[PDB]
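Asks: My structure is in upload_2.pdb, and what it holds is PDB, C-alpha atoms:
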ATOM      1  CA  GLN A   1       0.000   0.000   0.000  1.00  0.00           C
ATOM      2  CA  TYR A   2       0.963   3.649  -0.427  1.00  0.00           C
ATOM      3  CA  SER A   3      -0.346   7.192   0.032  1.00  0.00           C
ATOM      4  CA  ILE A   4      -3.983   8.003  -0.782  1.00  0.00           C
ATOM      5  CA  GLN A   5      -5.097  11.487  -1.819  1.00  0.00           C
ATOM      6  CA  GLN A   6      -8.347  13.198  -0.856  1.00  0.00           C
ATOM      7  CA  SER A   7      -9.054  14.987  -4.154  1.00  0.00           C
ATOM      8  CA  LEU A   8      -8.067  14.474  -7.772  1.00  0.00           C
ATOM      9  CA  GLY A   9      -5.836  16.830  -9.713  1.00  0.00           C
ATOM     10  CA  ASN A  10      -4.181  16.265 -13.080  1.00  0.00           C
ATOM     11  CA  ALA A  11      -2.036  13.256 -12.165  1.00  0.00           C
ATOM     12  CA  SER A  12      -3.237   9.684 -12.614  1.00  0.00           C
ATOM     13  CA  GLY A  13      -4.417   8.247  -9.311  1.00  0.00           C
ATOM     14  CA  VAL A  14      -7.266   7.004  -7.149  1.00  0.00           C
ATOM     15  CA  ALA A  15      -8.613   9.282  -4.417  1.00  0.00           C
ATOM     16  CA  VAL A  16     -11.033   8.653  -1.548  1.00  0.00           C
ATOM     17  CA  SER A  17     -12.832  11.574   0.069  1.00  0.00           C
ATOM     18  CA  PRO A  18     -13.173  11.728   3.870  1.00  0.00           C
ATOM     19  CA  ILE A  19     -16.080   9.875   5.447  1.00  0.00           C
ATOM     20  CA  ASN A  20     -19.297  11.899   5.529  1.00  0.00           C
ATOM     21  CA  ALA A  21     -21.446  11.536   8.638  1.00  0.00           C
ATOM     22  CA  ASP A  22     -24.685  12.487   6.853  1.00  0.00           C
ATOM     23  CA  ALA A  23     -25.532  12.300   3.147  1.00  0.00           C
ATOM     24  CA  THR A  24     -28.110  10.735   0.843  1.00  0.00           C
ATOM     25  CA  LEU A  25     -27.651   8.707  -2.341  1.00  0.00           C
ATOM     26  CA  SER A  26     -30.366   8.763  -5.016  1.00  0.00           C
ATOM     27  CA  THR A  27     -30.666   6.747  -8.235  1.00  0.00           C
ATOM     28  CA  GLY A  28     -32.618   7.805 -11.312  1.00  0.00           C
ATOM     29  CA  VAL A  29     -34.043   6.399 -14.533  1.00  0.00           C
ATOM     30  CA  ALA A  30     -35.610   7.968 -17.623  1.00  0.00           C
ATOM     31  CA  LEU A  31     -38.909   7.188 -19.346  1.00  0.00           C
ATOM     32  CA  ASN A  32     -41.127   9.062 -21.801  1.00  0.00           C
ATOM     33  CA  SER A  33     -44.455   7.215 -21.851  1.00  0.00           C
ATOM     34  CA  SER A  34     -46.503  10.318 -20.984  1.00  0.00           C
ATOM     35  CA  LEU A  35     -45.673  13.988 -20.483  1.00  0.00           C
ATOM     36  CA  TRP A  36     -47.139  16.318 -17.854  1.00  0.00           C
ATOM     37  CA  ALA A  37     -47.148  20.066 -17.244  1.00  0.00           C
ATOM     38  CA  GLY A  38     -47.475  22.371 -14.273  1.00  0.00           C
ATOM     39  CA  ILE A  39     -46.549  25.623 -12.557  1.00  0.00           C
ATOM     40  CA  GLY A  40     -44.496  26.109  -9.416  1.00  0.00           C
ATOM     41  CA  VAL A  41     -42.087  28.235  -7.406  1.00  0.00           C
ATOM     42  CA  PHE A  42     -38.525  26.971  -6.994  1.00  0.00           C
ATOM     43  CA  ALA A  43     -35.141  28.135  -5.746  1.00  0.00           C
ATOM     44  CA  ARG A  44     -33.486  28.599  -9.151  1.00  0.00           C
ATOM     45  CA  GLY A  45     -34.566  28.353 -12.777  1.00  0.00           C
ATOM     46  CA  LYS A  46     -35.004  30.512 -15.862  1.00  0.00           C
ATOM     47  CA  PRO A  47     -38.326  32.291 -15.229  1.00  0.00           C
ATOM     48  CA  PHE A  48     -41.258  32.208 -17.649  1.00  0.00           C
ATOM     49  CA  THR A  49     -39.615  29.677 -19.984  1.00  0.00           C
ATOM     50  CA  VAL A  50     -40.477  26.024 -20.519  1.00  0.00           C
ATOM     51  CA  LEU A  51     -38.060  23.679 -18.737  1.00  0.00           C
ATOM     52  CA  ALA A  52     -37.763  19.945 -19.404  1.00  0.00           C
ATOM     53  CA  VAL A  53     -37.005  17.871 -16.297  1.00  0.00           C
ATOM     54  CA  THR A  54     -36.112  14.185 -15.981  1.00  0.00           C
ATOM     55  CA  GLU A  55     -35.407  12.067 -12.919  1.00  0.00           C
ATOM     56  CA  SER A  56     -31.681  12.892 -13.064  1.00  0.00           C
ATOM     57  CA  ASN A  57     -32.111  16.620 -13.816  1.00  0.00           C
ATOM     58  CA  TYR A  58     -34.780  17.747 -11.341  1.00  0.00           C
ATOM     59  CA  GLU A  59     -32.039  18.624  -8.832  1.00  0.00           C
ATOM     60  CA  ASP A  60     -29.699  20.551 -11.149  1.00  0.00           C
ATOM     61  CA  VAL A  61     -32.567  22.027 -13.107  1.00  0.00           C
ATOM     62  CA  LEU A  62     -35.076  23.420 -10.611  1.00  0.00           C
ATOM     63  CA  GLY A  63     -32.938  23.309  -7.467  1.00  0.00           C
ATOM     64  CA  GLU A  64     -32.388  22.163  -3.926  1.00  0.00           C
ATOM     65  CA  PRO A  65     -35.758  21.735  -2.165  1.00  0.00           C
ATOM     66  CA  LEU A  66     -36.840  24.723  -0.109  1.00  0.00           C
ATOM     67  CA  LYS A  67     -36.995  24.300   3.651  1.00  0.00           C
ATOM     68  CA  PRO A  68     -40.515  23.786   5.067  1.00  0.00           C
ATOM     69  CA  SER A  69     -39.789  26.352   7.792  1.00  0.00           C
ATOM     70  CA  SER A  70     -40.128  29.119   5.195  1.00  0.00           C
ATOM     71  CA  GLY A  71     -43.710  28.023   4.547  1.00  0.00           C
ATOM     72  CA  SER A  72     -45.957  27.703   1.473  1.00  0.00           C
ATOM     73  CA  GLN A  73     -42.873  27.571  -0.780  1.00  0.00           C
ATOM     74  CA  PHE A  74     -42.094  23.845  -0.559  1.00  0.00           C
ATOM     75  CA  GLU A  75     -45.190  22.103  -1.965  1.00  0.00           C
ATOM     76  CA  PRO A  76     -44.347  22.375  -5.712  1.00  0.00           C
ATOM     77  CA  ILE A  77     -41.029  20.521  -5.486  1.00  0.00           C
ATOM     78  CA  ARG A  78     -42.588  17.696  -3.464  1.00  0.00           C
ATOM     79  CA  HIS A  79     -45.399  17.423  -6.018  1.00  0.00           C
ATOM     80  CA  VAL A  80     -42.868  17.337  -8.866  1.00  0.00           C
ATOM     81  CA  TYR A  81     -40.833  14.658  -7.089  1.00  0.00           C
ATOM     82  CA  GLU A  82     -43.932  12.520  -6.538  1.00  0.00           C
ATOM     83  CA  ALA A  83     -45.072  12.896 -10.151  1.00  0.00           C
ATOM     84  CA  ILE A  84     -41.632  12.318 -11.703  1.00  0.00           C
ATOM     85  CA  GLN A  85     -41.233   8.730 -10.484  1.00  0.00           C
ATOM     86  CA  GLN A  86     -43.238   7.583 -13.520  1.00  0.00           C
ATOM     87  CA  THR A  87     -42.315   9.842 -16.456  1.00  0.00           C
ATOM     88  CA  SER A  88     -40.760  13.214 -17.227  1.00  0.00           C
ATOM     89  CA  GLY A  89     -42.567  16.471 -17.892  1.00  0.00           C
ATOM     90  CA  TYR A  90     -42.419  20.232 -18.355  1.00  0.00           C
ATOM     91  CA  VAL A  91     -42.457  23.019 -15.755  1.00  0.00           C
ATOM     92  CA  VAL A  92     -42.733  26.813 -16.014  1.00  0.00           C
ATOM     93  CA  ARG A  93     -41.330  28.894 -13.151  1.00  0.00           C
ATOM     94  CA  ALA A  94     -43.082  31.942 -11.696  1.00  0.00           C
ATOM     95  CA  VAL A  95     -41.177  34.633  -9.805  1.00  0.00           C
ATOM     96  CA  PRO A  96     -42.281  37.724  -7.830  1.00  0.00           C
ATOM     97  CA  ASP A  97     -41.690  41.168  -9.284  1.00  0.00           C
ATOM     98  CA  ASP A  98     -39.048  42.220  -6.743  1.00  0.00           C
ATOM     99  CA  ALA A  99     -36.512  39.722  -8.114  1.00  0.00           C
ATOM    100  CA  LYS A 100     -33.093  40.609  -9.515  1.00  0.00           C
ATOM    101  CA  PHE A 101     -30.103  38.841 -11.042  1.00  0.00           C
ATOM    102  CA  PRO A 102     -26.445  39.817 -10.536  1.00  0.00           C
ATOM    103  CA  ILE A 103     -24.111  41.248 -13.162  1.00  0.00           C
ATOM    104  CA  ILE A 104     -20.498  42.457 -13.231  1.00  0.00           C
TER     105      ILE A 104
ATOM    106  CA  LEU B   1      31.116  -5.781   6.688  1.00  0.00           C
ATOM    107  CA  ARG B   2      31.392  -3.202   3.912  1.00  0.00           C
ATOM    108  CA  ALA B   3      34.457  -1.856   2.129  1.00  0.00           C
ATOM    109  CA  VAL B   4      35.597   1.333   0.389  1.00  0.00           C
ATOM    110  CA  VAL B   5      38.447   1.388  -2.127  1.00  0.00           C
ATOM    111  CA  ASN B   6      40.834   4.127  -3.288  1.00  0.00           C
ATOM    112  CA  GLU B   7      41.186   4.031  -7.068  1.00  0.00           C
ATOM    113  CA  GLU B   8      44.550   5.814  -7.169  1.00  0.00           C
ATOM    114  CA  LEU B   9      46.745   3.203  -5.470  1.00  0.00           C
ATOM    115  CA  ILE B  10      45.023  -0.154  -6.093  1.00  0.00           C
ATOM    116  CA  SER B  11      47.091  -0.528  -9.267  1.00  0.00           C
ATOM    117  CA  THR B  12      50.089  -1.332  -7.023  1.00  0.00           C
ATOM    118  CA  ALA B  13      48.877  -2.734  -3.696  1.00  0.00           C
ATOM    119  CA  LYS B  14      49.954  -5.751  -1.663  1.00  0.00           C
ATOM    120  CA  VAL B  15      48.420  -7.801   1.148  1.00  0.00           C
ATOM    121  CA  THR B  16      50.150  -9.936   3.782  1.00  0.00           C
ATOM    122  CA  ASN B  17      49.003 -12.500   6.328  1.00  0.00           C
ATOM    123  CA  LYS B  18      47.616 -10.825   9.457  1.00  0.00           C
ATOM    124  CA  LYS B  19      45.857 -12.346  12.455  1.00  0.00           C
ATOM    125  CA  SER B  20      43.228 -11.024  14.882  1.00  0.00           C
ATOM    126  CA  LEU B  21      42.830  -7.343  14.054  1.00  0.00           C
ATOM    127  CA  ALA B  22      40.160  -6.067  16.447  1.00  0.00           C
ATOM    128  CA  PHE B  23      37.914  -3.068  15.865  1.00  0.00           C
ATOM    129  CA  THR B  24      38.160  -0.247  18.404  1.00  0.00           C
ATOM    130  CA  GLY B  25      36.412   3.055  19.037  1.00  0.00           C
ATOM    131  CA  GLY B  26      32.833   2.048  18.240  1.00  0.00           C
ATOM    132  CA  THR B  27      30.598   3.652  20.866  1.00  0.00           C
ATOM    133  CA  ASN B  28      26.923   4.259  21.570  1.00  0.00           C
ATOM    134  CA  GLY B  29      26.326   7.779  22.820  1.00  0.00           C
ATOM    135  CA  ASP B  30      24.097   8.955  25.634  1.00  0.00           C
ATOM    136  CA  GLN B  31      20.781   7.620  24.344  1.00  0.00           C
ATOM    137  CA  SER B  32      18.687   9.276  27.068  1.00  0.00           C
ATOM    138  CA  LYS B  33      18.992  12.640  25.264  1.00  0.00           C
ATOM    139  CA  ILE B  34      17.841  12.492  21.631  1.00  0.00           C
ATOM    140  CA  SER B  35      16.740  15.624  19.798  1.00  0.00           C
ATOM    141  CA  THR B  36      13.436  15.907  17.955  1.00  0.00           C
ATOM    142  CA  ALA B  37      15.319  16.107  14.648  1.00  0.00           C
ATOM    143  CA  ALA B  38      16.243  12.420  14.887  1.00  0.00           C
ATOM    144  CA  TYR B  39      12.625  11.435  15.556  1.00  0.00           C
ATOM    145  CA  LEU B  40      11.381  13.549  12.651  1.00  0.00           C
ATOM    146  CA  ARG B  41      14.000  12.068  10.311  1.00  0.00           C
ATOM    147  CA  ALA B  42      13.082   8.517  11.301  1.00  0.00           C
ATOM    148  CA  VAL B  43       9.374   9.308  10.858  1.00  0.00           C
ATOM    149  CA  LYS B  44      10.145  10.603   7.364  1.00  0.00           C
ATOM    150  CA  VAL B  45      12.020   7.361   6.683  1.00  0.00           C
ATOM    151  CA  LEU B  46       9.019   5.352   7.905  1.00  0.00           C
ATOM    152  CA  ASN B  47       6.624   7.301   5.676  1.00  0.00           C
ATOM    153  CA  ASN B  48       8.412   6.328   2.445  1.00  0.00           C
ATOM    154  CA  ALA B  49       8.879   2.668   3.369  1.00  0.00           C
ATOM    155  CA  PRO B  50       7.975   0.542   0.311  1.00  0.00           C
ATOM    156  CA  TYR B  51       6.476  -2.152   2.561  1.00  0.00           C
ATOM    157  CA  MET B  52       2.810  -2.416   3.542  1.00  0.00           C
ATOM    158  CA  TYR B  53       1.589  -2.241   7.139  1.00  0.00           C
ATOM    159  CA  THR B  54      -1.841  -1.799   8.705  1.00  0.00           C
ATOM    160  CA  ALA B  55      -1.005  -0.189  12.068  1.00  0.00           C
ATOM    161  CA  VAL B  56       1.291   2.415  13.628  1.00  0.00           C
ATOM    162  CA  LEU B  57       2.618   2.082  17.183  1.00  0.00           C
ATOM    163  CA  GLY B  58       4.021   4.819  19.390  1.00  0.00           C
ATOM    164  CA  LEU B  59       6.582   2.559  21.117  1.00  0.00           C
ATOM    165  CA  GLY B  60       7.126   5.004  23.971  1.00  0.00           C
ATOM    166  CA  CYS B  61       8.131   8.196  22.163  1.00  0.00           C
ATOM    167  CA  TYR B  62       6.327  10.740  24.390  1.00  0.00           C
ATOM    168  CA  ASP B  63       7.258  13.532  21.971  1.00  0.00           C
ATOM    169  CA  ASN B  64       4.460  15.699  20.608  1.00  0.00           C
ATOM    170  CA  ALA B  65       5.993  16.394  17.188  1.00  0.00           C
ATOM    171  CA  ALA B  66       6.740  12.715  16.570  1.00  0.00           C
ATOM    172  CA  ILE B  67       3.243  11.730  17.712  1.00  0.00           C
ATOM    173  CA  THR B  68       1.519  14.196  15.392  1.00  0.00           C
ATOM    174  CA  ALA B  69       3.754  13.108  12.497  1.00  0.00           C
ATOM    175  CA  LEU B  70       2.741   9.491  13.129  1.00  0.00           C
ATOM    176  CA  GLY B  71      -0.884  10.620  13.198  1.00  0.00           C
ATOM    177  CA  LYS B  72      -0.358  12.256   9.814  1.00  0.00           C
ATOM    178  CA  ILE B  73       1.026   8.947   8.525  1.00  0.00           C
ATOM    179  CA  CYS B  74      -2.075   7.157   9.826  1.00  0.00           C
ATOM    180  CA  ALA B  75      -4.397   9.684   8.184  1.00  0.00           C
ATOM    181  CA  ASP B  76      -2.430   9.393   4.931  1.00  0.00           C
ATOM    182  CA  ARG B  77      -2.359   5.609   4.534  1.00  0.00           C
ATOM    183  CA  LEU B  78      -5.859   5.035   6.013  1.00  0.00           C
ATOM    184  CA  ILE B  79      -4.721   2.681   8.781  1.00  0.00           C
ATOM    185  CA  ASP B  80      -5.074   2.455  12.560  1.00  0.00           C
ATOM    186  CA  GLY B  81      -2.922   4.140  15.175  1.00  0.00           C
ATOM    187  CA  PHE B  82      -2.276   3.259  18.822  1.00  0.00           C
ATOM    188  CA  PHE B  83      -0.481   6.001  20.747  1.00  0.00           C
ATOM    189  CA  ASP B  84       0.269   6.507  24.421  1.00  0.00           C
ATOM    190  CA  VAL B  85       0.810   9.325  26.882  1.00  0.00           C
ATOM    191  CA  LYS B  86       3.422   9.377  29.637  1.00  0.00           C
ATOM    192  CA  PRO B  87       2.465   6.750  32.254  1.00  0.00           C
ATOM    193  CA  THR B  88       4.127   8.609  35.142  1.00  0.00           C
ATOM    194  CA  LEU B  89       1.557  11.417  34.954  1.00  0.00           C
ATOM    195  CA  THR B  90      -1.160  11.502  37.590  1.00  0.00           C
ATOM    196  CA  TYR B  91      -4.877  11.290  36.833  1.00  0.00           C
ATOM    197  CA  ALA B  92      -5.345  15.065  36.923  1.00  0.00           C
ATOM    198  CA  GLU B  93      -2.410  15.783  34.594  1.00  0.00           C
ATOM    199  CA  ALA B  94      -3.321  13.136  32.001  1.00  0.00           C
ATOM    200  CA  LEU B  95      -6.224  15.073  30.468  1.00  0.00           C
ATOM    201  CA  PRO B  96      -4.312  18.223  29.354  1.00  0.00           C
ATOM    202  CA  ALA B  97      -1.541  16.079  27.855  1.00  0.00           C
ATOM    203  CA  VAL B  98      -4.003  14.541  25.385  1.00  0.00           C
ATOM    204  CA  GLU B  99      -4.813  17.994  24.032  1.00  0.00           C
ATOM    205  CA  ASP B 100      -1.074  18.701  24.085  1.00  0.00           C
ATOM    206  CA  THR B 101      -0.566  15.772  21.700  1.00  0.00           C
ATOM    207  CA  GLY B 102      -2.487  17.690  19.031  1.00  0.00           C
ATOM    208  CA  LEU B 103      -4.499  14.716  17.747  1.00  0.00           C
ATOM    209  CA  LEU B 104      -7.849  15.945  19.099  1.00  0.00           C
ATOM    210  CA  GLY B 105     -10.258  17.172  16.444  1.00  0.00           C
ATOM    211  CA  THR B 106     -11.647  15.729  13.212  1.00  0.00           C
TER     212      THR B 106
END
Could I get this file's structure written as structure tokens?
Replies:
Amino acid sequence: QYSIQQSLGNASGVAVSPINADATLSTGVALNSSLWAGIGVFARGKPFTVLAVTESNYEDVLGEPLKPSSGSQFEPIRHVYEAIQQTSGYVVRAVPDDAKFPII
Amino acid sequence: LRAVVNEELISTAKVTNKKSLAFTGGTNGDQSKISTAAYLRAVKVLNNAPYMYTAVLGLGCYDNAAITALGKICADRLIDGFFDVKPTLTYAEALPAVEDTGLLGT
């Protein structure tokens, strides 16, 4: 045996990250038997444009689920997660008026 | 035994029959006083050993720098480590010495 790195760089090697006390692993699969549509409020997403979401993209597209402590902002992502176990669909994001995006 | 040869004079060298030439002068110094440099050098030697082992033992070092270097070796190779604090300490003094070792944390 020899040294083991924590992160990969440009050299050829095998690295193992430190043990994580809490994390969740999720597996996905794609199917296109039927297509659904809806409207919701999410953390991130291009507003007022049609977005196509699969089982492996509903986390990158859309975003991390909103905390229930905020209130009345978490239902759409749970509904999407429940409905996406069968087939994919389309979602349009709505945003309040007082919303801004950064620029340099 | 090992030998070292001088290339200048071996062209014309002779050997005769000798009997019972005894080595003299070989001594072991005061081994109760060893600097931390020697421990760090030997730890560095141990790190690059081409052999494979699955545990690291303190073996009565009681030196904080050597102990934390051995802990770094353990965290590098993903193996186990069994270290010890000075046994002559009392119960009250043992607790601060553990923090003094520097291994406490994540």
Asks: Distance table requested - chain B against chain A, cut-off 10 Å, only C-alpha atoms: one row per qualifying residue with the closest atom pair and its distance in Å to one decimal, ordered by chain and rising residue number, as a Markdown table.
Replies:
| residue | atom | partner | partner_atom | distance |
| --- | --- | --- | --- | --- |
| B:47 | CA | A:3 | CA | 9.0 |
| B:48 | CA | A:2 | CA | 8.4 |
| B:49 | CA | A:2 | CA | 8.8 |
| B:50 | CA | A:2 | CA | 7.7 |
| B:51 | CA | A:1 | CA | 7.3 |
| B:52 | CA | A:1 | CA | 5.1 |
| B:53 | CA | A:1 | CA | 7.6 |
| B:54 | CA | A:1 | CA | 9.1 |
| B:73 | CA | A:3 | CA | 8.8 |
| B:74 | CA | A:3 | CA | 9.9 |
| B:75 | CA | A:4 | CA | 9.1 |
| B:76 | CA | A:3 | CA | 5.8 |
| B:77 | CA | A:3 | CA | 5.2 |
| B:78 | CA | A:4 | CA | 7.6 |
Asks: I need the residues from that last selection saved to file as a PDB file, in the frame of the given file (with C-alpha atoms), if you can.
Replies:
ATOM      1  CA  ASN B  47       6.624   7.301   5.676  1.00  0.00           C
ATOM      2  CA  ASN B  48       8.412   6.328   2.445  1.00  0.00           C
ATOM      3  CA  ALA B  49       8.879   2.668   3.369  1.00  0.00           C
ATOM      4  CA  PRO B  50       7.975   0.542   0.311  1.00  0.00           C
ATOM      5  CA  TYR B  51       6.476  -2.152   2.561  1.00  0.00           C
ATOM      6  CA  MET B  52       2.810  -2.416   3.542  1.00  0.00           C
ATOM      7  CA  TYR B  53       1.589  -2.241   7.139  1.00  0.00           C
ATOM      8  CA  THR B  54      -1.841  -1.799   8.705  1.00  0.00           C
ATOM      9  CA  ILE B  73       1.026   8.947   8.525  1.00  0.00           C
ATOM     10  CA  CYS B  74      -2.075   7.157   9.826  1.00  0.00           C
ATOM     11  CA  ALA B  75      -4.397   9.684   8.184  1.00  0.00           C
ATOM     12  CA  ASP B  76      -2.430   9.393   4.931  1.00  0.00           C
ATOM     13  CA  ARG B  77      -2.359   5.609   4.534  1.00  0.00           C
ATOM     14  CA  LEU B  78      -5.859   5.035   6.013  1.00  0.00           C
TER      15      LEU B  78
END
Asks: Taking the file as shown, what set of residues would the PyMOL selection byres ((chain B and resi 70) around 9) give back, as a CSV table (one decimal) with C-alpha atoms, in the frame of the given file?
Replies:
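File produced: out19.csv:
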chain,number,residue,atom,x,y,z
B,43,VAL,CA,9.4,9.3,10.9
B,47,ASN,CA,6.6,7.3,5.7
B,56,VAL,CA,1.3,2.4,13.6
B,57,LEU,CA,2.6,2.1,17.2
B,58,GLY,CA,4.0,4.8,19.4
B,65,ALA,CA,6.0,16.4,17.2
B,66,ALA,CA,6.7,12.7,16.6
B,67,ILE,CA,3.2,11.7,17.7
B,68,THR,CA,1.5,14.2,15.4
B,69,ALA,CA,3.8,13.1,12.5
B,71,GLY,CA,-0.9,10.6,13.2
B,72,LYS,CA,-0.4,12.3,9.8
B,73,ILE,CA,1.0,8.9,8.5
B,74,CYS,CA,-2.1,7.2,9.8
B,75,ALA,CA,-4.4,9.7,8.2
B,81,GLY,CA,-2.9,4.1,15.2
B,83,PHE,CA,-0.5,6.0,20.7
Asks: Could you tell me which residues the PyMOL selection byres ((chain A and resi 59) around 12) grabs in this file, written as a PyMOL selection string?
Replies: chain A and resi 26-28+42-45+53-58+60-66+77-78+80-81+84
Asks: Between atom CA of residue B:31 and atom CA of residue B:88, measure the distance and give it in Å to one decimal.
Replies: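 It comes out at 19.9 Å.
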Asks: What does the distance between atom CA of residue B:36 and atom CA of residue B:60 come to in Å, to one decimal place?
Replies: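 Value for the atom CA of residue B:36-atom CA of residue B:60 distance: 14.0 Å.
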Asks: Distance atom CA of residue B:103-atom CA of residue A:22, one decimal place?
Replies: 23.0 Å
Asks: Could you pull the residues within 12 Å of residue B:87, counting all atoms listed in the file, minus those fewer than 6 positions along the same chain, as a VMD selection string?
Replies: chain B and resid 60 to 62 93 to 94 97
Asks: Could you turn the residues from that selection into a file that holds C-alpha atoms, as a PDB file, in the coordinates of the input?
Replies:
ATOM      1  CA  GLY B  60       7.126   5.004  23.971  1.00  0.00           C
ATOM      2  CA  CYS B  61       8.131   8.196  22.163  1.00  0.00           C
ATOM      3  CA  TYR B  62       6.327  10.740  24.390  1.00  0.00           C
ATOM      4  CA  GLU B  93      -2.410  15.783  34.594  1.00  0.00           C
ATOM      5  CA  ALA B  94      -3.321  13.136  32.001  1.00  0.00           C
ATOM      6  CA  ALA B  97      -1.541  16.079  27.855  1.00  0.00           C
TER       7      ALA B  97
END
Asks: Using the chain letters and numbers from the file, give me the residues hit by the PyMOL selection byres ((chain A and resi 93) around 8), as a PyMOL selection string.
Replies: chain A and resi 39-42+45-50+91-92+94-95
Asks: Could I see stretch 85-100 of chain A restored to N, CA, C and O atoms, set down as a short mmCIF file (atom, residue, chain, number, x, y, z; two decimals), in the frame of the given file?
Replies:
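Written output follows (part09.cif):
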data_model
loop_
_atom_site.label_atom_id
_atom_site.label_comp_id
_atom_site.auth_asym_id
_atom_site.auth_seq_id
_atom_site.Cartn_x
_atom_site.Cartn_y
_atom_site.Cartn_z
N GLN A 85 -41.64 10.12 -10.61
CA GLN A 85 -41.23 8.73 -10.48
C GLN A 85 -41.72 7.88 -11.64
O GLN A 85 -41.19 6.79 -11.87
N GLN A 86 -42.74 8.33 -12.38
CA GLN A 86 -43.24 7.58 -13.52
C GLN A 86 -42.59 8.05 -14.82
O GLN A 86 -41.89 7.27 -15.48
N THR A 87 -42.81 9.31 -15.20
CA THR A 87 -42.32 9.84 -16.46
C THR A 87 -41.92 11.30 -16.27
O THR A 87 -42.24 11.93 -15.26
N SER A 88 -41.22 11.84 -17.27
CA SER A 88 -40.76 13.21 -17.23
C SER A 88 -41.89 14.17 -17.60
O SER A 88 -43.03 13.77 -17.86
N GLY A 89 -41.57 15.46 -17.61
CA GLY A 89 -42.57 16.47 -17.89
C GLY A 89 -41.95 17.83 -18.13
O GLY A 89 -40.74 17.96 -18.33
N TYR A 90 -42.81 18.85 -18.11
CA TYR A 90 -42.42 20.23 -18.36
C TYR A 90 -42.93 21.12 -17.23
O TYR A 90 -44.04 20.91 -16.72
N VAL A 91 -42.13 22.11 -16.85
CA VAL A 91 -42.46 23.02 -15.76
C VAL A 91 -42.12 24.44 -16.18
O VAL A 91 -41.10 24.68 -16.84
N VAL A 92 -42.97 25.39 -15.81
CA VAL A 92 -42.73 26.81 -16.01
C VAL A 92 -42.65 27.48 -14.65
O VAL A 92 -43.53 27.29 -13.80
N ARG A 93 -41.60 28.27 -14.44
CA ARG A 93 -41.33 28.89 -13.15
C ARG A 93 -41.92 30.30 -13.09
O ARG A 93 -41.80 31.07 -14.04
N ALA A 94 -42.54 30.62 -11.96
CA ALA A 94 -43.08 31.94 -11.70
C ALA A 94 -42.28 32.60 -10.59
O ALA A 94 -41.88 31.95 -9.62
N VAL A 95 -42.04 33.90 -10.73
CA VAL A 95 -41.18 34.63 -9.80
C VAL A 95 -41.86 35.95 -9.43
O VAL A 95 -42.55 36.54 -10.26
N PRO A 96 -41.72 36.42 -8.19
CA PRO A 96 -42.28 37.72 -7.83
C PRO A 96 -41.56 38.86 -8.54
O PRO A 96 -40.46 38.70 -9.08
N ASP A 97 -42.21 40.02 -8.55
CA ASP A 97 -41.69 41.17 -9.28
C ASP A 97 -40.38 41.67 -8.70
O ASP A 97 -39.47 42.05 -9.45
N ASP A 98 -40.25 41.68 -7.37
CA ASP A 98 -39.05 42.22 -6.74
C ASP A 98 -37.91 41.21 -6.76
O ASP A 98 -37.32 40.91 -5.72
N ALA A 99 -37.58 40.69 -7.94
CA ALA A 99 -36.51 39.72 -8.11
C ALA A 99 -35.47 40.28 -9.07
O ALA A 99 -35.81 40.89 -10.09
N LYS A 100 -34.20 40.07 -8.74
CA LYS A 100 -33.09 40.61 -9.52
C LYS A 100 -32.02 39.54 -9.71
O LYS A 100 -31.93 38.58 -8.94
#
